file start-v4.csv (CSV, C-alpha atoms)
chain,number,residue,atom,x,y,z
R,1390,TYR,CA,144.3,197.0,144.8
R,1391,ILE,CA,147.7,197.2,143.1
R,1392,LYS,CA,146.6,199.7,140.3
R,1393,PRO,CA,148.3,202.8,141.7
R,1394,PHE,CA,151.6,201.0,141.7
R,1395,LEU,CA,151.1,199.5,138.2
R,1396,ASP,CA,150.3,202.9,136.7
R,1397,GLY,CA,153.1,204.8,138.4
R,1398,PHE,CA,155.8,202.2,138.0
R,1399,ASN,CA,159.4,203.5,137.9
R,1400,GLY,CA,163.0,202.9,139.1
R,1401,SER,CA,162.6,204.2,142.6
R,1402,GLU,CA,163.6,202.3,145.7
R,1403,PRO,CA,160.2,201.6,147.3
R,1404,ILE,CA,159.4,199.3,144.4
R,1405,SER,CA,162.1,197.0,145.7
R,1406,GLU,CA,160.7,197.1,149.3
R,1407,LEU,CA,157.2,196.2,148.0
R,1408,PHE,CA,158.4,193.0,146.4
R,1409,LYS,CA,160.3,192.0,149.5
R,1410,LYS,CA,157.2,192.5,151.7
R,1411,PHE,CA,155.0,190.4,149.3
R,1412,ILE,CA,157.5,187.5,149.5
R,1413,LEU,CA,157.6,187.7,153.4
R,1414,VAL,CA,153.8,187.6,153.8
R,1415,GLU,CA,153.4,184.8,151.3
R,1416,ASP,CA,155.9,182.7,153.3
R,1417,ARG,CA,153.6,183.3,156.3
R,1418,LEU,CA,150.2,182.7,154.5
R,1419,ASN,CA,150.8,180.2,151.7
R,1420,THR,CA,148.3,181.7,149.3
R,1421,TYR,CA,149.6,180.1,146.1
R,1422,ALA,CA,147.3,181.3,143.3
R,1423,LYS,CA,147.0,184.9,144.6
R,1424,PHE,CA,150.8,185.3,144.9
R,1425,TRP,CA,151.3,184.1,141.4
R,1426,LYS,CA,148.6,186.5,140.1
R,1427,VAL,CA,150.4,189.5,141.6
R,1428,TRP,CA,153.7,188.3,140.2
R,1429,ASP,CA,152.2,187.8,136.7
R,1430,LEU,CA,150.8,191.3,136.6
R,1431,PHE,CA,154.2,193.1,137.1
R,1432,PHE,CA,156.2,191.0,134.5
R,1433,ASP,CA,155.9,193.3,131.5
R,1434,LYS,CA,156.9,196.4,133.6
R,1435,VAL,CA,160.0,194.8,134.9
R,1436,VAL,CA,160.9,193.5,131.4
R,1437,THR,CA,160.5,197.0,130.1
R,1438,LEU,CA,162.7,198.4,132.9
R,1439,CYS,CA,165.8,196.2,132.2
R,1440,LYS,CA,166.0,197.4,128.6
R,1441,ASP,CA,167.2,200.7,129.9
R,1442,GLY,CA,170.2,198.9,131.5
R,1443,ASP,CA,170.3,197.9,135.2
R,1444,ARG,CA,172.9,200.6,136.2
R,1445,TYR,CA,170.3,203.4,136.5
R,1446,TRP,CA,168.7,204.6,139.8
R,1447,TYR,CA,167.7,201.4,141.7
R,1448,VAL,CA,167.0,199.2,138.7
R,1449,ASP,CA,169.4,196.4,139.6
R,1450,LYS,CA,168.0,196.2,143.1
R,1451,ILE,CA,164.5,196.0,141.7
R,1452,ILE,CA,165.6,193.1,139.4
R,1453,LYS,CA,167.2,191.3,142.3
R,1454,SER,CA,164.2,191.7,144.5
R,1455,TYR,CA,161.8,190.4,141.8
R,1456,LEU,CA,163.9,187.3,141.2
R,1457,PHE,CA,164.0,186.2,144.9
R,1458,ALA,CA,167.7,187.1,145.4
R,1459,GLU,CA,167.4,189.7,148.2
R,1460,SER,CA,165.5,187.8,150.9
R,1461,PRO,CA,167.1,186.0,153.9
R,1462,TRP,CA,166.4,182.3,153.3
R,1463,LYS,CA,167.4,179.4,155.6
R,1464,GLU,CA,170.6,177.5,154.9
R,1465,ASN,CA,169.5,174.1,153.6
R,1466,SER,CA,166.1,174.3,151.9
R,1467,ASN,CA,164.7,171.5,149.8
R,1468,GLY,CA,162.5,173.9,147.9
R,1469,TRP,CA,159.7,176.4,148.7
R,1470,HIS,CA,156.1,175.6,149.3
R,1471,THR,CA,155.1,178.1,146.6
R,1472,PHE,CA,157.3,176.5,143.9
R,1473,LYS,CA,155.8,173.7,141.8
R,1474,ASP,CA,156.6,171.9,138.5
R,1475,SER,CA,154.2,174.1,136.6
R,1476,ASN,CA,156.0,177.3,137.7
R,1477,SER,CA,159.2,176.4,135.8
R,1478,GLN,CA,157.8,178.4,132.9
R,1479,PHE,CA,158.4,181.6,134.9
R,1480,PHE,CA,162.2,181.1,134.9
R,1481,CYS,CA,162.0,180.0,131.2
R,1482,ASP,CA,160.4,183.3,130.2
R,1483,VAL,CA,162.7,185.3,132.5
R,1484,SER,CA,165.9,183.7,131.0
R,1485,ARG,CA,164.4,184.2,127.5
R,1486,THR,CA,163.6,187.9,128.0
R,1487,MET,CA,165.9,189.5,130.6
R,1488,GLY,CA,169.2,187.7,129.9
K,497,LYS,CA,167.7,164.5,110.0
K,498,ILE,CA,164.5,162.3,110.2
K,499,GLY,CA,163.0,163.8,107.1
K,500,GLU,CA,159.4,164.8,106.4
K,501,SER,CA,157.7,162.0,104.5
K,502,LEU,CA,154.4,160.5,105.7
K,503,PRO,CA,155.6,157.1,107.0
K,504,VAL,CA,158.1,158.9,109.2
K,505,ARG,CA,155.4,161.1,110.6
K,506,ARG,CA,153.3,158.1,111.5
K,507,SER,CA,156.3,156.4,113.2
K,508,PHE,CA,157.0,159.6,115.2
K,509,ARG,CA,153.4,159.8,116.4
K,510,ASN,CA,153.6,156.2,117.5
K,511,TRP,CA,156.9,156.8,119.3
K,512,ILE,CA,155.5,159.8,121.3
K,513,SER,CA,152.4,157.7,122.2
K,514,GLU,CA,154.7,155.0,123.6
K,515,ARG,CA,156.9,157.4,125.7
K,516,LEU,CA,153.7,158.9,127.3
K,517,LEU,CA,152.6,155.4,128.3
K,518,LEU,CA,155.9,154.2,129.9
K,519,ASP,CA,156.4,157.3,132.0
K,520,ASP,CA,159.8,158.5,130.7
K,521,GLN,CA,159.9,162.0,132.4
K,522,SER,CA,162.6,163.2,130.0
K,523,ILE,CA,159.9,163.6,127.4
K,524,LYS,CA,158.0,166.4,129.1
K,525,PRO,CA,161.0,168.9,128.7
K,526,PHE,CA,161.2,167.9,125.0
K,527,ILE,CA,157.5,168.5,124.5
K,528,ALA,CA,157.7,171.8,126.3
K,529,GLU,CA,160.7,172.8,124.1
K,530,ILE,CA,158.6,172.1,121.0
K,531,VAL,CA,155.4,173.7,122.2
K,532,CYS,CA,157.1,176.9,123.3
K,533,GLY,CA,159.7,176.8,120.5
K,534,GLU,CA,160.3,178.8,117.3
K,535,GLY,CA,161.8,177.7,114.0
K,536,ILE,CA,160.0,174.3,114.2
K,537,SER,CA,157.8,173.7,111.2
K,538,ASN,CA,154.2,173.7,112.2
K,539,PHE,CA,153.2,170.3,111.0
K,540,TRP,CA,155.5,168.7,113.6
K,541,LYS,CA,153.6,170.7,116.3
K,542,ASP,CA,150.3,169.3,114.8
K,543,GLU,CA,151.5,165.7,114.8
K,544,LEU,CA,152.6,166.1,118.5
K,545,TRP,CA,149.2,167.5,119.5
K,546,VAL,CA,147.4,164.7,117.8
K,547,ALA,CA,149.6,162.2,119.8
K,548,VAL,CA,148.6,164.1,123.0
K,549,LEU,CA,144.9,164.2,122.1
K,550,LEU,CA,144.8,160.5,121.4
K,551,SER,CA,146.6,159.6,124.8
K,552,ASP,CA,144.8,158.9,128.1
K,553,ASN,CA,147.1,161.5,129.8
K,554,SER,CA,145.5,164.3,127.8
K,555,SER,CA,143.9,166.4,130.6
K,556,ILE,CA,147.3,166.8,132.4
K,557,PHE,CA,148.6,168.9,129.5
K,558,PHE,CA,145.7,171.3,129.6
K,559,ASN,CA,146.5,171.8,133.3
K,560,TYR,CA,150.1,172.4,132.4
K,561,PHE,CA,149.6,174.8,129.5
K,562,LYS,CA,146.6,176.8,130.8
K,563,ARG,CA,147.9,180.3,130.5
K,564,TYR,CA,149.4,179.6,127.1
K,565,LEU,CA,146.1,178.3,125.7
K,566,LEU,CA,144.1,181.2,127.1
K,567,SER,CA,146.3,184.2,126.5
K,568,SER,CA,147.4,183.5,122.9
K,569,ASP,CA,144.2,185.0,121.4
K,570,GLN,CA,143.0,181.4,121.7
K,571,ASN,CA,144.9,180.7,118.4
K,572,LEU,CA,146.3,177.3,119.5
K,573,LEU,CA,142.9,176.4,121.1
K,574,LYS,CA,141.2,176.9,117.7
K,575,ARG,CA,143.8,174.6,115.9
K,576,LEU,CA,143.1,171.9,118.5
K,577,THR,CA,139.4,171.7,117.5
K,578,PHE,CA,140.4,171.5,113.8
K,579,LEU,CA,142.8,168.6,114.5
K,580,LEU,CA,140.3,166.9,116.8
K,581,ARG,CA,137.6,166.9,114.1
K,582,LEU,CA,139.9,165.7,111.4
K,583,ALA,CA,142.1,163.1,113.0
K,584,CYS,CA,140.4,161.9,116.2
K,585,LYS,CA,137.5,159.9,114.8
K,586,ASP,CA,136.6,156.3,113.9
K,587,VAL,CA,134.0,154.3,111.8
K,588,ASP,CA,130.8,153.4,113.6
K,589,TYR,CA,130.4,149.8,112.5
K,590,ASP,CA,127.6,149.1,115.0
K,591,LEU,CA,125.4,151.7,113.4
K,592,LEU,CA,126.2,150.4,109.9
K,593,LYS,CA,125.2,146.9,111.0
K,594,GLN,CA,121.9,148.2,112.4
K,595,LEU,CA,121.3,149.9,109.1
K,596,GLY,CA,122.0,146.6,107.3
call {"tool": "encode", "arguments": {"input": "start-v4.csv", "output": "structure tokens"}}
result
Amino acid sequence: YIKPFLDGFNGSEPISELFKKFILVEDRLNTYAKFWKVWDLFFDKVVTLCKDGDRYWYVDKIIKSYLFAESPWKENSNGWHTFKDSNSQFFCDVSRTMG
Amino acid sequence: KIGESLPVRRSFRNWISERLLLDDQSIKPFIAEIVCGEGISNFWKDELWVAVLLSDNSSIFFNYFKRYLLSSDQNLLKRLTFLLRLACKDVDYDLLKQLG
């Protein structure tokens, strides 16, 4: 399904809008393993993109979208139903690779 | 600091085996820091995995490190079979007694 966006991946703005829409629909549907499969497939592309520096085109907005910072969350959340103990390795890899 | 002689390695393996029994959750970040770490000499990683494979908790770690075991060209998963065949065995005294 996502192959035309994996092959053509670049710094343009609709890449940010795509990530925001996936987060919204996952909050409605609670499809844990499928969401994390989609997120695992884009990791290397985003890692490659930050090495050009996040000031170009819309790269910073893409980084912020991928790392959950652009969505309008409620004010006093205990957590999210899609985060579990196992998924702490995502943030470990991110901080190791995109710092 | 703790050195690398064999009595120390045995005592380290015992100590890990006790922490995994008494549910000190501070140990799991330490274990993750070793298993994903670099610069640690490999025989410490082997002693740690022997402690895990001898513990009743063992299946939990396979759930936790699934993508690491699979995606790393199965390199770690091959080492685990070698360690299992070398360390995790015992003498079959029942069969010796039946053979006299």
call {"tool": "closest_residue", "arguments": {"input": "start-v4.csv", "among": "K:535, K:503, K:596, K:525", "to": "chain R", "atoms": "all atoms listed in the file"}}
result
K:525
call {"tool": "residues_around", "arguments": {"input": "start-v4.csv", "residues": "range 1471-1481 of chain R", "least_positions_apart": "5", "cutoff": "8 Å", "atoms": "all atoms listed in the file", "output": "JSON list (two decimals) with C-alpha atoms, in the coordinates of the input"}}
result
[["chain", "number", "residue", "atom", "x", "y", "z"],
["R", 1419, "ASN", "CA", 150.80, 180.20, 151.70],
["R", 1421, "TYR", "CA", 149.60, 180.10, 146.10],
["K", 560, "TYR", "CA", 150.10, 172.40, 132.40]]
call {"tool": "closest_residue", "arguments": {"input": "start-v4.csv", "among": "R:1417, R:1463, R:1450, R:1426", "to": "chain K", "atoms": "all atoms listed in the file"}}
result
R:1426
call {"tool": "closest_atom_pairs", "arguments": {"input": "start-v4.csv", "of": "range 529-588 of chain K", "to": "range 510-515 of chain K", "cutoff": "12 Å", "atoms": "only C-alpha atoms", "output": "JSON lines"}}
result
{"residue": "K:540", "atom": "CA", "partner": "K:512", "partner_atom": "CA", "distance": 11.8}
{"residue": "K:543", "atom": "CA", "partner": "K:512", "partner_atom": "CA", "distance": 9.6}
{"residue": "K:544", "atom": "CA", "partner": "K:512", "partner_atom": "CA", "distance": 7.5}
{"residue": "K:545", "atom": "CA", "partner": "K:512", "partner_atom": "CA", "distance": 10.1}
{"residue": "K:546", "atom": "CA", "partner": "K:513", "partner_atom": "CA", "distance": 9.7}
{"residue": "K:547", "atom": "CA", "partner": "K:513", "partner_atom": "CA", "distance": 5.8}
{"residue": "K:548", "atom": "CA", "partner": "K:513", "partner_atom": "CA", "distance": 7.5}
{"residue": "K:549", "atom": "CA", "partner": "K:513", "partner_atom": "CA", "distance": 9.9}
{"residue": "K:550", "atom": "CA", "partner": "K:513", "partner_atom": "CA", "distance": 8.1}
{"residue": "K:551", "atom": "CA", "partner": "K:513", "partner_atom": "CA", "distance": 6.6}
{"residue": "K:552", "atom": "CA", "partner": "K:513", "partner_atom": "CA", "distance": 9.7}
{"residue": "K:553", "atom": "CA", "partner": "K:513", "partner_atom": "CA", "distance": 10.0}
{"residue": "K:554", "atom": "CA", "partner": "K:513", "partner_atom": "CA", "distance": 11.1}
call {"tool": "write_last_selection", "arguments": {"input": "start-v4.csv", "atoms": "C-alpha atoms", "output": "compact mmCIF listing (two decimals), keeping the file's coordinate frame"}}
result
# COMPACT_ATOMS: atom_id res chain seq x y z
CA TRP K 540 155.50 168.70 113.60
CA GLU K 543 151.50 165.70 114.80
CA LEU K 544 152.60 166.10 118.50
CA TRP K 545 149.20 167.50 119.50
CA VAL K 546 147.40 164.70 117.80
CA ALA K 547 149.60 162.20 119.80
CA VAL K 548 148.60 164.10 123.00
CA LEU K 549 144.90 164.20 122.10
CA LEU K 550 144.80 160.50 121.40
CA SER K 551 146.60 159.60 124.80
CA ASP K 552 144.80 158.90 128.10
CA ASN K 553 147.10 161.50 129.80
CA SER K 554 145.50 164.30 127.80
call {"tool": "residues_around", "arguments": {"input": "start-v4.csv", "residues": "range 563-575 of chain K", "least_positions_apart": "6", "cutoff": "10 Å", "atoms": "only C-alpha atoms", "output": "ChimeraX atom specification"}}
result
/K:531-532,542,545
call {"tool": "atom_distance", "arguments": {"input": "start-v4.csv", "atom1": "CA of residue 1395 in chain R", "atom2": "CA of residue 1487 in chain R"}}
result
19.4 Å
call {"tool": "atom_distance", "arguments": {"input": "start-v4.csv", "atom1": "CA of residue 1401 in chain R", "atom2": "CA of residue 1446 in chain R"}}
result
6.7 Å
call {"tool": "closest_residue", "arguments": {"input": "start-v4.csv", "among": "K:504, K:536, K:577, K:529", "to": "chain R", "atoms": "all atoms listed in the file"}}
result
K:529
call {"tool": "decode", "arguments": {"input": "start-v4.csv", "residues": "range 498-526 of chain K", "atoms": "N, CA, C and O atoms", "output": "JSON list (two decimals), in the first residue's frame"}}
result
[["chain", "number", "residue", "atom", "x", "y", "z"],
["K", 498, "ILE", "N", 35.65, -4.51, 38.30],
["K", 498, "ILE", "CA", 35.51, -5.83, 38.91],
["K", 498, "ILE", "C", 36.50, -6.87, 38.38],
["K", 498, "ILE", "O", 36.63, -7.95, 38.98],
["K", 499, "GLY", "N", 37.23, -6.58, 37.31],
["K", 499, "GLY", "CA", 38.19, -7.54, 36.79],
["K", 499, "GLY", "C", 37.54, -8.61, 35.95],
["K", 499, "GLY", "O", 36.33, -8.63, 35.73],
["K", 500, "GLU", "N", 38.37, -9.54, 35.46],
["K", 500, "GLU", "CA", 37.93, -10.49, 34.44],
["K", 500, "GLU", "C", 38.30, -11.93, 34.75],
["K", 500, "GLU", "O", 38.14, -12.80, 33.88],
["K", 501, "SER", "N", 38.75, -12.23, 35.97],
["K", 501, "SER", "CA", 39.06, -13.60, 36.34],
["K", 501, "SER", "C", 37.79, -14.43, 36.54],
["K", 501, "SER", "O", 36.72, -13.90, 36.83],
["K", 502, "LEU", "N", 37.95, -15.75, 36.40],
["K", 502, "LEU", "CA", 36.81, -16.67, 36.41],
["K", 502, "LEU", "C", 35.95, -16.70, 37.69],
["K", 502, "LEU", "O", 34.71, -16.80, 37.55],
["K", 503, "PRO", "N", 36.51, -16.67, 38.92],
["K", 503, "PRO", "CA", 35.61, -16.58, 40.09],
["K", 503, "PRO", "C", 34.70, -15.36, 40.09],
["K", 503, "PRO", "O", 33.53, -15.48, 40.48],
["K", 504, "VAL", "N", 35.19, -14.23, 39.58],
["K", 504, "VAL", "CA", 34.35, -13.04, 39.47],
["K", 504, "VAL", "C", 33.19, -13.27, 38.49],
["K", 504, "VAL", "O", 32.06, -12.83, 38.73],
["K", 505, "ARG", "N", 33.47, -13.94, 37.36],
["K", 505, "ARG", "CA", 32.43, -14.20, 36.36],
["K", 505, "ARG", "C", 31.33, -15.08, 36.94],
["K", 505, "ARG", "O", 30.13, -14.83, 36.71],
["K", 506, "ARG", "N", 31.72, -16.12, 37.70],
["K", 506, "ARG", "CA", 30.73, -16.95, 38.36],
["K", 506, "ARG", "C", 29.89, -16.14, 39.35],
["K", 506, "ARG", "O", 28.66, -16.30, 39.41],
["K", 507, "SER", "N", 30.53, -15.24, 40.10],
["K", 507, "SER", "CA", 29.78, -14.46, 41.08],
["K", 507, "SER", "C", 28.84, -13.46, 40.42],
["K", 507, "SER", "O", 27.72, -13.23, 40.91],
["K", 508, "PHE", "N", 29.26, -12.88, 39.29],
["K", 508, "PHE", "CA", 28.39, -11.98, 38.51],
["K", 508, "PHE", "C", 27.17, -12.71, 37.99],
["K", 508, "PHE", "O", 26.05, -12.17, 37.99],
["K", 509, "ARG", "N", 27.38, -13.93, 37.49],
["K", 509, "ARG", "CA", 26.28, -14.72, 36.94],
["K", 509, "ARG", "C", 25.26, -15.07, 38.04],
["K", 509, "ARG", "O", 24.04, -14.92, 37.84],
["K", 510, "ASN", "N", 25.76, -15.42, 39.23],
["K", 510, "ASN", "CA", 24.89, -15.64, 40.39],
["K", 510, "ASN", "C", 24.11, -14.37, 40.74],
["K", 510, "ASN", "O", 22.91, -14.43, 41.04],
["K", 511, "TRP", "N", 24.78, -13.22, 40.73],
["K", 511, "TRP", "CA", 24.16, -11.96, 41.16],
["K", 511, "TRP", "C", 23.01, -11.56, 40.24],
["K", 511, "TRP", "O", 21.94, -11.14, 40.70],
["K", 512, "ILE", "N", 23.23, -11.68, 38.93],
["K", 512, "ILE", "CA", 22.16, -11.43, 37.95],
["K", 512, "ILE", "C", 21.00, -12.40, 38.17],
["K", 512, "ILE", "O", 19.82, -12.01, 38.12],
["K", 513, "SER", "N", 21.32, -13.69, 38.39],
["K", 513, "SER", "CA", 20.26, -14.67, 38.60],
["K", 513, "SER", "C", 19.43, -14.36, 39.83],
["K", 513, "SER", "O", 18.23, -14.68, 39.87],
["K", 514, "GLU", "N", 20.03, -13.74, 40.85],
["K", 514, "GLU", "CA", 19.25, -13.34, 42.02],
["K", 514, "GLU", "C", 18.39, -12.10, 41.75],
["K", 514, "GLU", "O", 17.24, -12.04, 42.21],
["K", 515, "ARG", "N", 18.94, -11.10, 41.04],
["K", 515, "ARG", "CA", 18.14, -9.90, 40.73],
["K", 515, "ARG", "C", 16.91, -10.25, 39.91],
["K", 515, "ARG", "O", 15.84, -9.67, 40.11],
["K", 516, "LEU", "N", 17.04, -11.19, 38.97],
["K", 516, "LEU", "CA", 15.89, -11.59, 38.17],
["K", 516, "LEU", "C", 14.85, -12.37, 38.97],
["K", 516, "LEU", "O", 13.71, -12.52, 38.51],
["K", 517, "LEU", "N", 15.21, -12.88, 40.16],
["K", 517, "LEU", "CA", 14.24, -13.59, 41.00],
["K", 517, "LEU", "C", 13.47, -12.64, 41.91],
["K", 517, "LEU", "O", 12.27, -12.82, 42.14],
["K", 518, "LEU", "N", 14.15, -11.63, 42.46],
["K", 518, "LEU", "CA", 13.57, -10.75, 43.46],
["K", 518, "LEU", "C", 12.96, -9.48, 42.86],
["K", 518, "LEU", "O", 12.71, -8.52, 43.59],
["K", 519, "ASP", "N", 12.73, -9.46, 41.53],
["K", 519, "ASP", "CA", 11.91, -8.45, 40.82],
["K", 519, "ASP", "C", 12.39, -7.00, 40.99],
["K", 519, "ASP", "O", 11.56, -6.09, 41.03],
["K", 520, "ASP", "N", 13.70, -6.76, 41.05],
["K", 520, "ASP", "CA", 14.23, -5.40, 41.07],
["K", 520, "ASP", "C", 14.19, -4.87, 39.63],
["K", 520, "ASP", "O", 15.06, -5.19, 38.82],
["K", 521, "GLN", "N", 13.19, -4.04, 39.33],
["K", 521, "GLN", "CA", 12.99, -3.54, 37.97],
["K", 521, "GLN", "C", 14.07, -2.58, 37.49],
["K", 521, "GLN", "O", 14.05, -2.21, 36.31],
["K", 522, "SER", "N", 14.98, -2.15, 38.36],
["K", 522, "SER", "CA", 16.13, -1.37, 37.89],
["K", 522, "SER", "C", 17.08, -2.19, 37.03],
["K", 522, "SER", "O", 17.92, -1.61, 36.33],
["K", 523, "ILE", "N", 16.99, -3.53, 37.08],
["K", 523, "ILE", "CA", 17.94, -4.37, 36.36],
["K", 523, "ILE", "C", 17.65, -4.41, 34.86],
["K", 523, "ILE", "O", 18.58, -4.57, 34.06],
["K", 524, "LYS", "N", 16.38, -4.29, 34.46],
["K", 524, "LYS", "CA", 16.03, -4.38, 33.04],
["K", 524, "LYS", "C", 16.64, -3.26, 32.20],
["K", 524, "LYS", "O", 17.11, -3.55, 31.08],
["K", 525, "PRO", "N", 16.64, -1.98, 32.64],
["K", 525, "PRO", "CA", 17.44, -0.98, 31.90],
["K", 525, "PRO", "C", 18.92, -1.31, 31.82],
["K", 525, "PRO", "O", 19.53, -1.05, 30.79],
["K", 526, "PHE", "N", 19.51, -1.85, 32.89],
["K", 526, "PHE", "CA", 20.93, -2.20, 32.85],
["K", 526, "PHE", "C", 21.19, -3.29, 31.82],
["K", 526, "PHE", "O", 22.10, -3.17, 30.98]]
